[PDB]
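**Student:** experimental coordinates follow, after the sequence.
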Amino acid sequence: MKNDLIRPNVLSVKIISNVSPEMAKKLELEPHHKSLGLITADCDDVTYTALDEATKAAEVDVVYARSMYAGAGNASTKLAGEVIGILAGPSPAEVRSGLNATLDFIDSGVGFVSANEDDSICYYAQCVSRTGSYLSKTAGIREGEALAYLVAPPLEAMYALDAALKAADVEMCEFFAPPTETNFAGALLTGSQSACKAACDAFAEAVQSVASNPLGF
Amino acid sequence: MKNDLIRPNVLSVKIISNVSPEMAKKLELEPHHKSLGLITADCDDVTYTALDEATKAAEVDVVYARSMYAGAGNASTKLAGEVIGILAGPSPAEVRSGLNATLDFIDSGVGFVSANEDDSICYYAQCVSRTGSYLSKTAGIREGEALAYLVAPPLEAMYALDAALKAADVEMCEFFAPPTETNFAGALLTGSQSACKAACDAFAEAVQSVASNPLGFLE
Amino acid sequence: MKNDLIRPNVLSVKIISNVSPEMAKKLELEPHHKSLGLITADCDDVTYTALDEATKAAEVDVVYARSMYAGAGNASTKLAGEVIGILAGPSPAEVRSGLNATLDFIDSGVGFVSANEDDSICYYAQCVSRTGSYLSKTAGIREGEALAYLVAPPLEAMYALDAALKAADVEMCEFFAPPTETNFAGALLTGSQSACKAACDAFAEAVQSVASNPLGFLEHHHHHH
Ligand code: NA
């Protein structure tokens, strides 16, 4: 129902210790990247946020992260979900710590929110108060600065991004032009923490507005 | 069943009255683009044709138009369909005029056509007699020149395009190599209105022939 | 169930006997490519392997070969499957021979293999003893050399590729980074025939290992969280 949280799920987790040189080459790993932590989940943007959180908690880097075409509901195999993330670190210890931080964040109550009665429109509006090394790089902003991470389906996202930009003193850093691999859209916005928060609130209200009246113009 | 029209549906329409400058920057809008019209539907190629029609009825430009991966049948949310289109114009009234023309066209009886008994193969074979500003740019031709807009599933499209090019006095402008986002394929062909119609008929006939004999190649 | 073969199916096959110049241009065909053979099927990597086998049987080149977004189980039309392949040759007779070889290979018993009880995880671990002109060009090796053709879903593939590279004297030629259009991943590895076989064996074992215990990490390392 409307305002219900859609719980994200982790599907599989594995560690690679002493990664093969051939694989290290193709992933373009650094010399201190000896171990990899692999994760898949059924919700990509929650996982991207959680991987960023991991870079704060442990000496890991996000070296690979991609979404699956047409999203988790169209997965053809059990563990594909709609995202794969790869953390790299100096040892299995640091990679396990990074994976533990990722898992803790994914279970923390964050997620997409339903905008209607059968949960067929949903959105993500997450304020990241202090970015780690992954989302700051993706947005092109300085490490440690705040972001608003806003995602909705294509039309809702375009309409609601406009409302979010008018509601607060925020800049658009990165535009997820529709379609993303999962057929969503959105953006990463930056500004002060309170402005990002304001942007999140306005974004959520605007998506809900479209959901309640999709054809009115 | 065979030759039935598959009716396209509009899922959502919105107008942004005064677009924020941050948005205008990322969409690379021109300074006179003040208002946006947004539309989603469950059929991309009909919608692209309709958006082109809107540019003939009003002073609007198509500034954004993209298809969704794996098509409307695989949509995960209610309003995503398989296409988003964005019109831009100098005012909300002009954008409204453009969207009305888009909706009327989508409702006019155009659409994909079934090639078989359970509608599991379908194609689009549409003669655009006078292109607007969107399809003419896309195809690289003068505004007002004719197009055949031909779309089918991947093998059918390759086979039927060859037939259409042989049957009719037409040139290939743009090739949609398989897969498009929706896992279709096709092309835009130009020529006289008469030749584009003949290309449409030959394309339709060839798609039907593949549907009726999908494994036959020894003759 | 586990170790069952998943049978691949051909959906459509056609020949264009004399290709139009307009189409020849867009496909960037060679001057001696006069005829095209078209094929779709519900399994892409088996079909790519079969197309390579065709280049050994007839005077044909693979000029086009692409997978469909989100795979065959999400196809919206009957004949799209998850792959289209296009063979080109100098005459309909050669294309005809190439397509027959392609069909025969697809029916030969090769395929993806199930990794678990409900066939919800599957993988391809195929030892190509003697590459034709298509896979050799793709991998950057000489025609006739061996390949290990390894495909699985994204996390399984990454884990199992590492196992395969450590199991034998093989080199990574081509890496299919996740996701491919079908949301799989994998690689082409080369080495001697026996090394490619060992790599196939280790890959298959590693995929099965993940399938039977995808979240063991939780018990072992996420305790008291
Ligand atoms: Na589906």
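**Tutor:** Perfect, I can see it now. Residues are numbered from 1 along each chain as shown, chains lettered A, B, ... in the order given.
**Student:** and the residue in chain A positioned nearest to the ion, how many residues sit next to it?
**Tutor:** For chain A and the ion, the shortest gap (Cβ to the ion) falls at residue A:74, measuring 4.2 Å. Using the backbone N, CA and C atoms, a C-beta is placed for each residue, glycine as well. Around residue A:74 sit 24 other residues, with neighbours defined as other Cβ atoms under 10 Å in any protein chain shown.
**Student:** please apply the same query to the one 3 residues further on.
**Tutor:** The criterion is other Cβ under 10 Å. On that basis, residue A:77 has 24 neighbouring residues.
**Student:** same check on residue A:52?
**Tutor:** Counted with other Cβ under 10 Å, residue A:52 comes out at 25.
**Student:** for chain A, what spans make up the strands?
**Tutor:** Assigned by DSSP state E, chain A shows strands spanning A:5-6, A:10-16, A:35-41, A:61-67, A:83-89, A:112-114, A:122-128, A:147-152, A:171-176, A:185-190.
**Student:** let me have those strands in JSON lines, adding mean neighbour count as columns.
**Tutor:** Listed next are the strands of chain A as JSON lines, based on neighbours: other Cβ atoms under 10 Å in any protein chain shown:
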{"stretch": "strand A:5-6", "mean neighbour count": "14"}
{"stretch": "strand A:10-16", "mean neighbour count": "23"}
{"stretch": "strand A:35-41", "mean neighbour count": "26"}
{"stretch": "strand A:61-67", "mean neighbour count": "19"}
{"stretch": "strand A:83-89", "mean neighbour count": "27"}
{"stretch": "strand A:112-114", "mean neighbour count": "20"}
{"stretch": "strand A:122-128", "mean neighbour count": "22"}
{"stretch": "strand A:147-152", "mean neighbour count": "30"}
{"stretch": "strand A:171-176", "mean neighbour count": "18"}
{"stretch": "strand A:185-190", "mean neighbour count": "26"}
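**Student:** among the ones you listed, which comes closest to chain B?
**Tutor:** Judged by Cβ to the nearest Cβ, the one of the strands of chain A that comes nearest to chain B is strand A:171-176, at 4.5 Å.
**Student:** that closest one and chain B in contact?
**Tutor:** Yes: using Cβ under 8 Å from any Cβ of the partner chain, strand A:171-176 reaches chain B at A:171-172, A:175.
**Student:** please name the residues that touch the most centrally placed residue in chain A.
**Tutor:** Geometric centre of chain A, nearest residue: residue A:45, 2.3 Å, by Cα atoms, centre = their mean. Counting by Cβ atoms under 8 Å, 6 or more residues apart in numbering or on different chains, residue A:45 touches A:112, A:124, A:126, A:149, A:151, A:184, A:186.
**Student:** try 10 Å
**Tutor:** Residues in contact with residue A:45 (Cβ atoms under 10 Å, 6 or more residues apart in numbering or on different chains) are A:8, A:67, A:82-83, A:110-112, A:124, A:126, A:149-151, A:176, A:180, A:182, A:184, A:186.
**Student:** same question for residue A:118.
**Tutor:** A:1-2, B:78.
**Student:** likewise for residue A:130?
**Tutor:** A:52-53, A:56, A:136, A:143-147, A:193.
**Student:** can you do 8 Å?
**Tutor:** A:56, A:144-146.
**Student:** residue A:103 now?
**Tutor:** A:10, A:13, A:50, C:218, C:222, C:225.
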